[PDB]
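**Student:**
2 protein chains.
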Amino acid sequence: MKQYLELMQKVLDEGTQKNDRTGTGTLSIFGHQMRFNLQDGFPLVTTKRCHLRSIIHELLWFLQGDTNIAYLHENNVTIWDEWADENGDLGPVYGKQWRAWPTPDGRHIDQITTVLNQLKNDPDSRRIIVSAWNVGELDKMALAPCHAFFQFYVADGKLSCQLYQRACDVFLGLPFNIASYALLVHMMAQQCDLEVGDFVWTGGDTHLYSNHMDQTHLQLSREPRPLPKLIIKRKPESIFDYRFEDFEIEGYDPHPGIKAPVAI
Amino acid sequence: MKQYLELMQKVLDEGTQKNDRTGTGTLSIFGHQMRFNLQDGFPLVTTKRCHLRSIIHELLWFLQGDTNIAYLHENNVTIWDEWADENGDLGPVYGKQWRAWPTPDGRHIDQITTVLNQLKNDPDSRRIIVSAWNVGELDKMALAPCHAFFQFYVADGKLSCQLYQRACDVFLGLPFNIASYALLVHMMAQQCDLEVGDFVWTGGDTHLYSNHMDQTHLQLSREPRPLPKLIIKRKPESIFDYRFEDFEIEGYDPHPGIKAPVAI
């Protein structure tokens with residue numbers, strides 16, 4: 001997509017050379033923001049073939065709040081396998097914080113229900129927020145939240161959402177991330193009888209791995225195509241009642257897929 | 001400053017009309033980002049006279065972690081008076097979360113010390129973060145955090161910082177906010193023997209109150225002047241040992257101050 005390709009070029013042009021966790025070098029920039037008007041089409045990259053299967057399953061899984069990968073395993077979704085222990089547990093990652101943020105006084109805060117309550121009764125609130133950055137539980141998580149915090153906003157009958165992503169592997173992870181949150185905005189908008197607005201993506205340490213350079217140049221040589229259209233075939237009674245089969249994509253005509261090699 | 005004035009104009013040009021908490025209407029946009037290269041000067045607005053007195057005192061107060069306004073009162077800093085109760089308490093706002101985020105297992109997490117530890121031992125970390133958004137303590141706070149979350153980054157011997165501000169009164173609050181965090185970056189950089197990099201400001205619900213419109217047009221009619229220079233007269237042994245007198249501003253030549261009327 002235009003916004004995505006321009007970010008790749010920006011990292012190439014002004015990114016600084018360094019390293020990651022402890023291995024493959026990277027080119028990185030700090031602080032970036034882009035916007036996707038969801039009325040213009042569903043933001044699924046077209047310059048390389050992507051699939052929504054895992055994205056949809058993972059989001060439904062997040063919304064349910066159970067951090068065990070049993071559900072993902074049952075549906076052959078393996079993106080969390082590398083981090084799950086022998087019992088399939090990941091610790092209190094995303095879902096747990098979204099649906100049951102633990103407090104010192106023994107309560108479990110449902111941030112998703114809270115946000116839906118705000119959107120329906122106080123849409124102009126300046127604090128319609130969901131945070132996965134629970135400082136006191138970071139050490140227990142298999143991975144520290146990447147998509148750490150997001151906020152909603154309502155104007156002119158449209159629902160917008162801004163995500164703060166602390167770090168981002170532009171080539172491998174970003175396409176997945178943008179589609180995931182775009183899907184959530186559509187679901188929340190449907191439950192609130194609102195039209196979709198903008199998805200605003202804000203990133204911290206935004207990078208490209210050294211071994212993804214040839215792949216990046218290849219993708220940049222391709223012209224983006226018209227964005228597809230998301231179809232929700234059914235209207236669930238609540239945000240927790242969506243099903244995999246409820247979502248379909250129309251008019252998706254991407255360029256060939258590009259593999260993403262990763263070091264271990 | 002150029003970046004600040006362009007934001008005011010953006011809100012004027014594309015902001016939508018609505019309301020706030022429950023009173024004065026506003027023009028607002030959702031999702032914005034701007035960058036200040038601290039090497040180009042200290043980002044204290046020049047198109048209207050500003051002062052650093054309260055900003056400095058408030059930041060030292062945040063760093064100490066005590067949320068009672070006694071210190072502010074002793075120094076005639078009254079910006080938190082409206083929210084403090086009879087005993088001068090504000091609940092677990094900013095400072096408490098920065099220095100003693102409470103966990104369900106009875107610990108108090110010092111995020112400032114943690115970040116300094118990361119900057120000195122693992123500067124390439126993609127999670128050098130401080131969050132004030134403690135979901136389980138929001139109801140006990142006098143006010144929900146506005147400057148909610150910030151992240152540091154190091155490259156080419158320079159320290160950068162990105163702040164996520166969930167909501168922002170562009171005319172009254174933003175000038176204060178930008179200078180406050182810029183000051184923190186300078187202090188953290190000094191303690192880490194690093195040069196200052198960029199301060200990246202990211203906002204959510206960014207607005208201008210209807211009764212600040214004439215004031216905004218007046219400020220936009222003024223040409224920004226060269227940014228001043230921050231001087232730190234002393235090098236404290238730690239981030240918790242700074243004093244008010246350690247900071248001085250040179251070359252600050254602003255336009256006349258503009259009052260900000262507020263409804264109650």
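Residue numbers (the entry's author numbering), protein chains in the order written: chain A, 1 to 264; chain A', 1 to 264. A prime marks a further copy of an entry chain.
Built from N, CA and C at the ideal position, the CB exists for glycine as well.
List the residues of chain A whose Cβ lies closer than 8 Å to the Cβ of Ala167 (chain A'), in chain order.
**Tutor:** The contacting residues are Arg126 and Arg127.
**Student:** Tell me the rounded alpha-carbon separation between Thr114 (chain A) and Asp198 (chain A).
**Tutor:** If I take the Cα positions, the gap works out to 21 Å.
**Student:** Using only the alpha-carbon positions, how far apart do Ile231 (chain A') and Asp246 (chain A') sit?
**Tutor:** Cα to Cα, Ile231 (chain A') sits roughly 8 Å from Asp246 (chain A').
**Student:** Just to make sure I have the definition right: I need the residues of chain A whose C-beta is within less than 9 Å of the C-beta of residue 291 (chain A'). Which are they?
**Tutor:** No answer is possible for residue 291 (chain A'): the residues shown for chain A' start at 1 and end at 264.
**Student:** Unbroken alpha helix (DSSP H) runs of length 4 or more, entirely within the region 44-95 of chain A: which are they?
**Tutor:** DSSP runs (the alpha helix (DSSP H)) wholly in the region 44-95 of chain A: 53-64 and 70-74.
**Student:** When you check each C-beta in the region 222-248 of chain A against every C-beta of chain A', which residues fall closer than 9 Å?
**Tutor:** Residues: none.
**Student:** For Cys50 (chain A'), which residues of its own chain have a beta-carbon under 8 Å away from its beta-carbon, when the five flanking residues on both sides are left out?
**Tutor:** Hits under 8 Å: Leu44, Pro175, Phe176, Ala179, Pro254 and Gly257.
**Student:** Please determine, among A:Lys235, A:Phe42 and A:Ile128, the residue with the shortest C-alpha to C-alpha distance to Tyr252 (chain A).
**Tutor:** The option with the nearest alpha carbon to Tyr252 (chain A) is A:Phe42.
**Student:** Just to confirm, are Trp98 (chain A') and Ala132 (chain A') a CB contact at a threshold of 8 Å?
**Tutor:** Going by C-beta atoms, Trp98 (chain A') is nearer than 8 Å to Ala132 (chain A').
**Student:** What would DSSP say about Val262 (chain A), mapped onto helix, strand or coil?
**Tutor:** Correct three-state label for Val262 (chain A): coil.
**Student:** Can you give the Cα-Cα distance for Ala189 (chain A') and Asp40 (chain A), rounded to whole angstroms?
**Tutor:** Answer to the nearest angstrom: the Cα atoms are 43 Å apart.
**Student:** Name the DSSP bridge partner or partners of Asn37 (chain A')?
**Tutor:** Answer is A':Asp198.
**Student:** What are the boundary residues of the beta strand (DSSP E) that includes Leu159 (chain A)?
**Tutor:** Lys158 to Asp169 is the extent of the beta strand (DSSP E) around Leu159 (chain A).
**Student:** Report the CB separation of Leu194 (chain A) from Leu59 (chain A) in whole angstroms; it is logged as a contact under 8 Å.
**Tutor:** So it is not a contact: roughly 19 Å between Cβ atoms.
**Student:** Report the residue from A:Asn75, A:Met213 and A:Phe152 whose alpha carbon sits nearest the alpha carbon of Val196 (chain A).
**Tutor:** Minimum Cα distance to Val196 (chain A) is reached at A:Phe152.
**Student:** Only counting the same chain, and skipping five residues up and downstream in sequence, which positions put a Cβ closer than 6 Å to that of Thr47 (chain A)?
**Tutor:** Closer than 6 Å at the Cβ level, and outside the excluded window around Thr47 (chain A), lie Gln219, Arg222, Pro224 and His255.
**Student:** Expressed to the nearest angstrom, what Euclidean distance is found between the alpha-carbon atoms of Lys96 (chain A) and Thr67 (chain A)?
**Tutor:** Answer to the nearest angstrom: the Cα atoms are 6 Å apart.
**Student:** Roughly how far, in whole angstroms, is the beta-carbon of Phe171 (chain A') from the beta-carbon of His212 (chain A'), given that I think they are within contact range, below 8 Å?
**Tutor:** The Cβ separation is near 4 Å, so the contact holds.
**Student:** Rounded to whole angstroms, what's the CA-CA distance from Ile29 (chain A) to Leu208 (chain A')? Just pull it up for me.
**Tutor:** Cα to Cα, the separation comes out at about 31 Å.
**Student:** Please report the straight-line C-alpha distance between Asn134 (chain A') and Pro104 (chain A), rounded to a whole angstrom.
**Tutor:** Between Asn134 (chain A') and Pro104 (chain A), the C-alpha separation is close to 11 Å.
**Student:** How about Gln39 (chain A): is its C-beta nearer than 8 Å to some C-beta of chain A'?
**Tutor:** For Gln39 (chain A), the answer is no, since every Cβ of chain A' falls outside 8 Å of its Cβ.
**Student:** Since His57 (chain A) and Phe244 (chain A) should fall inside the 8 Å C-beta cutoff, what is the C-beta to C-beta distance between them, to a whole number of angstroms?
**Tutor:** Indeed they touch by this definition, with Cβ atoms about 6 Å apart.
**Student:** Between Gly31 (chain A') and chain A, is any beta-carbon pair separated by less than 8 Å?
**Tutor:** Interface residue, yes.
**Student:** Below 7 Å between beta carbons is the criterion; list the residues of the region 121-152 of chain A that meet it against any residue of chain A', in chain order.
**Tutor:** Residues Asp124, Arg126, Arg127, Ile129, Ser131, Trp133, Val135, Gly136, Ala144, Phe149 and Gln151.
**Student:** In three-state DSSP terms, what is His255 (chain A)?
**Tutor:** Residue state, collapsed to three classes: coil.
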